[PDB]
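Taking it in order: structure first as structure tokens, then the write-up.
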Amino acid sequence: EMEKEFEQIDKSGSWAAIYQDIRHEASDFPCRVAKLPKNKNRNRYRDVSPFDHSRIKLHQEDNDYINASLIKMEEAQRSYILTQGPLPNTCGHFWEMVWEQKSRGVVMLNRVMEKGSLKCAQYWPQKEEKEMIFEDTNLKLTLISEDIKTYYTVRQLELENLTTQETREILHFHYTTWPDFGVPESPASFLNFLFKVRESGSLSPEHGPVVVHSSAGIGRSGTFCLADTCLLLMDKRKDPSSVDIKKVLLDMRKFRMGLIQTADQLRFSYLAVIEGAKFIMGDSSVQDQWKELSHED
Ligand SMILES: N[C@@H](Cc1ccc(OP(=O)(O)O)cc1)C(=O)O
């Protein structure tokens, strides 16, 4: 059980060590392209890059680079694209990637401004009268409507390939209360938000991979993804005990570096998967409790 392990680590107060071990066993693949001099201004953080093997390639004959990675979870049969918070010169690229990869949803786990600094460009329109047109990638983006809650907002955006005039609806799930390098207020609010994304179809296989991002695209992003895959893995068999969280986090780190930034985010991942397992096991009432506990309205 992950719960027995949880209790053992907790009793022994060894989340730091456990996490140092993950950091030490994590894959290390080259990030040659991320490091090319022509891509310097396309990376927000010097120490956070996409491995070449899993990076998302833009279909432009100019510079196909974007700081984004495809986390392809074989056994769980679910993919996600983790990316950094778009920079002012990479918002067109970001939306280009969304169009090309056929994503239906974008999960934003950070705020534009955090800790007195700009952690991500304002890459989507905050009002409907004012659409965005990314000239470099020939795309148009319009806010259609938004549903603001206490700690998150869900937006319905319309993305148009100005070249073909094809149009797509993109859902934007914005978690506005998760501290950079922190953990959510409670498993309840996080699971409530996670099920909002799930219930939307965004995570479905009929669509391209959902784009998940934070500021670096690894801390809060990794946390979100780890919990989801773990819950999906136990869902296929209705067997929470067959899931090894550390092992799952490690398979994910083969696709992108630094997934889950602190020992507490790791600990929070366990709490979230343990609590979410109640639902997986047939107690669907727990979903209503998360809503309550979340205090979304
Ligand atoms: N380690 C760098 C870059 C970094 C930023 C954010 C971060 O987490 P998040 O993916 O959750 O935005 C991880 C790393 C920083 O501390 O500024």
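Chain labels follow the order of the structure tokens: the first chain is A, the next B, and so on; residue numbering restarts at 1 in every chain, and ligands are counted from 1 in their shown order.
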
Within 12 Å of ligand 1 (only C-alpha atoms and all ligand atoms), residues as a PyMOL selection string: chain A and resi 43-49+68+82-86+108-115+117-120+175+178-184+212-225+256-262+265

If you count only C-alpha atoms, which residues fall within 10 Å of residue 156 in chain A, apart from same-chain ones fewer than 3 positions away, as number ranges by chain? A: 105, 142-147, 159, 169-173

Got time to write the residues from that selection, N, CA, C and O atoms, as an mmCIF file, in the first residue's frame?
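This is the output file part14.cif:
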```
data_model
loop_
_atom_site.group_PDB
_atom_site.id
_atom_site.type_symbol
_atom_site.label_atom_id
_atom_site.label_comp_id
_atom_site.auth_asym_id
_atom_site.auth_seq_id
_atom_site.Cartn_x
_atom_site.Cartn_y
_atom_site.Cartn_z
ATOM 1 N N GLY A 105 -7.567 20.951 -24.121
ATOM 2 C CA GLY A 105 -7.536 21.676 -22.870
ATOM 3 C C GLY A 105 -6.141 22.080 -22.485
ATOM 4 O O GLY A 105 -5.160 21.484 -22.977
ATOM 5 N N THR A 142 -9.795 33.909 -28.964
ATOM 6 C CA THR A 142 -10.835 34.747 -28.407
ATOM 7 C C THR A 142 -11.409 34.135 -27.186
ATOM 8 O O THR A 142 -11.677 32.942 -27.222
ATOM 9 N N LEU A 143 -11.589 34.934 -26.120
ATOM 10 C CA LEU A 143 -12.237 34.468 -24.885
ATOM 11 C C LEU A 143 -13.729 34.442 -25.213
ATOM 12 O O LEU A 143 -14.297 35.442 -25.727
ATOM 13 N N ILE A 144 -14.345 33.284 -24.965
ATOM 14 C CA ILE A 144 -15.753 33.083 -25.262
ATOM 15 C C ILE A 144 -16.592 33.293 -24.009
ATOM 16 O O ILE A 144 -17.639 33.936 -24.071
ATOM 17 N N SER A 145 -16.157 32.712 -22.890
ATOM 18 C CA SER A 145 -16.834 32.876 -21.613
ATOM 19 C C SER A 145 -15.918 32.328 -20.578
ATOM 20 O O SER A 145 -14.980 31.639 -20.920
ATOM 21 N N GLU A 146 -16.140 32.671 -19.318
ATOM 22 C CA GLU A 146 -15.320 32.171 -18.224
ATOM 23 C C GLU A 146 -16.165 31.915 -17.006
ATOM 24 O O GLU A 146 -17.201 32.546 -16.831
ATOM 25 N N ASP A 147 -15.780 30.930 -16.209
ATOM 26 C CA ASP A 147 -16.526 30.569 -15.025
ATOM 27 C C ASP A 147 -15.556 30.625 -13.868
ATOM 28 O O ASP A 147 -14.789 29.703 -13.619
ATOM 29 N N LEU A 159 -9.904 28.983 -30.665
ATOM 30 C CA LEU A 159 -8.637 29.083 -31.378
ATOM 31 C C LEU A 159 -8.888 28.888 -32.896
ATOM 32 O O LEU A 159 -9.540 27.940 -33.321
ATOM 33 N N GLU A 169 -12.505 24.716 -30.118
ATOM 34 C CA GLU A 169 -12.789 25.226 -28.797
ATOM 35 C C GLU A 169 -11.743 24.654 -27.834
ATOM 36 O O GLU A 169 -11.466 23.454 -27.857
ATOM 37 N N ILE A 170 -11.102 25.548 -27.061
ATOM 38 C CA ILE A 170 -10.080 25.171 -26.090
ATOM 39 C C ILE A 170 -10.564 25.551 -24.683
ATOM 40 O O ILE A 170 -11.022 26.646 -24.472
ATOM 41 N N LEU A 171 -10.484 24.622 -23.737
ATOM 42 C CA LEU A 171 -10.857 24.875 -22.347
ATOM 43 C C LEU A 171 -9.601 25.151 -21.585
ATOM 44 O O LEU A 171 -8.631 24.403 -21.663
ATOM 45 N N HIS A 172 -9.682 26.174 -20.756
ATOM 46 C CA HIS A 172 -8.584 26.652 -19.950
ATOM 47 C C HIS A 172 -8.961 26.512 -18.476
ATOM 48 O O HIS A 172 -9.888 27.158 -18.022
ATOM 49 N N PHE A 173 -8.274 25.607 -17.765
ATOM 50 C CA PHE A 173 -8.513 25.325 -16.355
ATOM 51 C C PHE A 173 -7.380 25.984 -15.641
ATOM 52 O O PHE A 173 -6.228 25.567 -15.728
#
```

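Each of A:293, A:71, A:211, A:271 was checked against residue 7 in chain A using only C-alpha atoms; the smallest atom-to-atom distance is that of A:271.
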
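Residues surrounding residue 18 in chain A within 8 Å are residues 14, 22 and 263 of chain A [only C-alpha atoms; sequence separation below 4 positions excluded].
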
Under the rule that only C-alpha atoms are counted, which of A:54, A:77, A:39, A:285 is the nearest residue to residue 233 in chain A? A:77

Could you pull the residues within 10 Å of residue 163 in chain A, counting only C-alpha atoms, minus those fewer than 3 positions along the same chain, as an MDAnalysis selection string? chainID A and resid 137:139 160 166

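In this structure, CA of residue 150 in chain A sits 19.0 Å away from CA of residue 198 in chain A.
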
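The shortest atom-to-atom distance to residue 140 in chain A, with only C-alpha atoms taken into account, belongs to A:91 out of A:273, A:191, A:91, A:248.
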
DSSP-assigned strand (DSSP E) among range 154-259 of chain A, expressed as an NGL selection string: :A and (154-161 or 166-175 or 210-213)

Using only C-alpha atoms, can you tell me which of A:79, A:90, A:63, A:269 comes closest to residue 42 in chain A? A:90

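Counting only C-alpha atoms and comparing A:276, A:267, A:296, A:194, the residue that lies closest to residue 5 in chain A is A:267.
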
From a DSSP pass on the backbone, collect the residues of range 71-274 of chain A flagged as helix (DSSP H, G or I) and hand them back as a PyMOL selection string. chain A and resi 91-101+187-199+219-237+240-242+245-252+263-274

Non-local contacts of residue 188 in chain A (8 Å; only C-alpha atoms; under 4 positions in same chain excluded) as a ChimeraX atom specification: /A:192,272,289-291,293-294

Since we have the selection now, will you write its residues out, keeping N, CA, C and O atoms, as a tab-separated table (two decimals), in the first residue's frame?
```
chain	number	residue	atom	x	y	z
A	192	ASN	N	-10.80	18.21	-6.55
A	192	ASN	CA	-12.00	18.86	-7.10
A	192	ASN	C	-11.57	19.44	-8.45
A	192	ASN	O	-12.13	19.14	-9.48
A	272	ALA	N	-3.12	13.14	-2.12
A	272	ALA	CA	-4.09	13.25	-3.19
A	272	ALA	C	-4.48	11.91	-3.80
A	272	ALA	O	-5.67	11.63	-3.98
A	289	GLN	N	-18.16	15.79	-1.58
A	289	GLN	CA	-17.45	16.31	-0.41
A	289	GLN	C	-16.26	17.16	-0.80
A	289	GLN	O	-15.97	18.16	-0.13
A	290	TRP	N	-15.52	16.74	-1.82
A	290	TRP	CA	-14.40	17.56	-2.25
A	290	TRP	C	-14.94	18.92	-2.68
A	290	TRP	O	-14.36	19.95	-2.32
A	291	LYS	N	-16.05	18.93	-3.41
A	291	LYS	CA	-16.61	20.19	-3.86
A	291	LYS	C	-16.91	21.08	-2.65
A	291	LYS	O	-16.48	22.23	-2.59
A	293	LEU	N	-15.81	20.83	0.57
A	293	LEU	CA	-14.56	21.17	1.20
A	293	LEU	C	-13.72	22.17	0.45
A	293	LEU	O	-12.97	22.92	1.06
A	294	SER	N	-13.86	22.21	-0.86
A	294	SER	CA	-13.06	23.10	-1.66
A	294	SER	C	-13.47	24.55	-1.50
A	294	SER	O	-12.61	25.45	-1.56
```

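For the set A:196, A:268, A:99, A:203, the residue with the smallest atom-to-atom gap to residue 226 in chain A is A:268, counting only C-alpha atoms.
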